[PDB]
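One chain is shown next in structure tokens, namely the form deposited in one PDB entry.
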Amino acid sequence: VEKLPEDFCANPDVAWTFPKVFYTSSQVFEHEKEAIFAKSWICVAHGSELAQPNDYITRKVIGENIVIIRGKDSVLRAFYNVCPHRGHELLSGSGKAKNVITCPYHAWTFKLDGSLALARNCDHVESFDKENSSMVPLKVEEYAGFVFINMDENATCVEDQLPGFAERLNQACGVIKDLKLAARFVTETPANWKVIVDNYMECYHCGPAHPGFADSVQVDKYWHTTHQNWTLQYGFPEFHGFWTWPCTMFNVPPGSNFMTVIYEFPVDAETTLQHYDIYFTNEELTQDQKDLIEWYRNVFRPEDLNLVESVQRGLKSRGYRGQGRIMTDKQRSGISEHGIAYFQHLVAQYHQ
């Protein structure tokens, strides 16, 4: 029942953020849950986690426990992680599956393509239906070295969602096929998923909110350019910060020899599960990599987590007029907030 104009934030030079209800309403969240997150490609992992036959991972997004698994035939598949008998979860965590999936409850077994292998005693069950007792699939695709799922059977391909993105990312970081997961920070953040994207889409805040990092880095004339359902923040010692629709962020810091990736998995209007993954090419970490990981964990990320959490609380106040001015300038400077207008302009298209 809450709608946005089709031209909402179409002019970034004179633009404001959503009326606050869009950050807080459970009704708005339920619509975005089905119109956006059940019908878009959702990045869930780096390819290194699913490279070999029988490799699998599990993810939870908008209330759906999903298993992605590389088959014995090396075909990548994704399934709802729920047994078609009486609903027990099939796999937990991540690792290497055996040659069949065995349900922990009554030990029905499934091939890695989801088809029912053996249902105990089914020969003695009247009219047992073998073809509707398979695991339920969804779409999965490998794109740009990462892995995306899609709950909409009618989805096309990741490239139609993020045209040109793979090429640009492989141009910022040429070592993607050999990156390996070094650390993952798991946090349930009490902020709307769009508030966390807003926080990523500008550098207006890094001076005030990231003193130790911005003070040492003399970064001026850093540009934020929009493309097709993704954007690129590029600064100088190159920096790359990609945002991709709806809410996965890829960062290639100065060395261009490593990456950090932010995965946002919305839970409800005021809760978002975040994975903060750090990837290096070497499995054995040096102490310089170990220290860098702890700087991310204990110094950098807490500052951004605190910001979006305070904003979520303030957004409910009757003392917040309703919308915030997006501080875009004529020059599209490094401190311009125009990236927020691009993101919210796209979001508004789902609120017509």
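Note that residue numbering follows the sequence shown and begins at 1. For the two forms, the rigid core is made up of the largest set of C-alpha atoms that agree within 1.5 Å on superposition.
In the record comparison, residue 215 is unmodelled in at least a third of the other entries of this protein that model the residues flanking it. According to the entry, the deposited sequence has 10 or more residues without coordinates between residue 236 and residue 237. Higher mean CA temperature factor between 69-77 and 217-225: 217-225, per the PDB entry. Higher mean CA temperature factor between 270-278 and 238-246: 238-246, per the PDB entry. Of the candidates 61, 308, 285, 45, the one whose C-alpha carries the top B factor in the deposited record is 285. For the set 119, 158, 252, 83, the maximum C-alpha B-factor listed in the entry falls on 252. For residue 256, the recorded CA B-factor ranks within the highest third of the chain. Only modelled residues enter the ranking. For residue 30, the recorded CA B-factor ranks within the middle third of the chain. Only modelled residues enter the ranking. In the deposited entry, the Cα temperature factor of residue 292 places it in the highest third of its chain's modelled residues. Ranked within its chain, residue 147 lands in the middle third, by CA B factor from the PDB record.
Among the modelled residues of the chain, residue 263 sits in the lowest third by CA temperature factor in this PDB entry.
Unshown form deposited in another entry; subsequent notes refer to it.
Superposed on the rigid core, the two forms differ between the shown form and the other one by 2 Å or more at the C-alpha of one listed residue only; from 143, 204, 80, 128 that residue is 128.
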